[PDB]
């Protein structure tokens, strides 16, 4: 009941991006440029289906540098992961939540079974706890 590191996530479908700048409520620890990636099974849930077991969403978070009014991606700070499994992750609404420091498999960030992540994502109960929407 550990969330698996999502190997190969960089090849997945890019859902959307967003920039969180200093002063935003989510600045700690989610400040920077982030990109949302979805594997094939996650796309089915985003498209209006049910999320099948095995669906994975990744929040990929980079630092950035402001250089002459351009924001340039720097280093990866972390990834956030949601893995769908209605049985194994029932305590947190059927998604398992993990963070990986710097995107590395050995740097697990979550220490409370994913309850803190869950507490905020629960506001999106109506949409299977996922905030991101497909855009074209």
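Numbering follows the first chain given and starts at 1.
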item	value
Between the two ranges 119 to 127 and 18 to 26, the one averaging a larger CA B factor in the entry	119 to 127
Stretch exceeding the other in mean C-alpha B-factor - 9 to 17, 109 to 117	109 to 117
Candidate residues 71, 56, 91, 78, the one whose C-alpha B factor the record puts highest	91
Record-listed C-alpha B factor of residue 102: chain third	middle
Third assignment of residue 32 from its chain's C-alpha B-factors	lowest
Cα B factor band for residue 67 (lowest, middle or highest third within the chain)	highest
Third assignment of residue 83 from its chain's C-alpha B-factors	middle
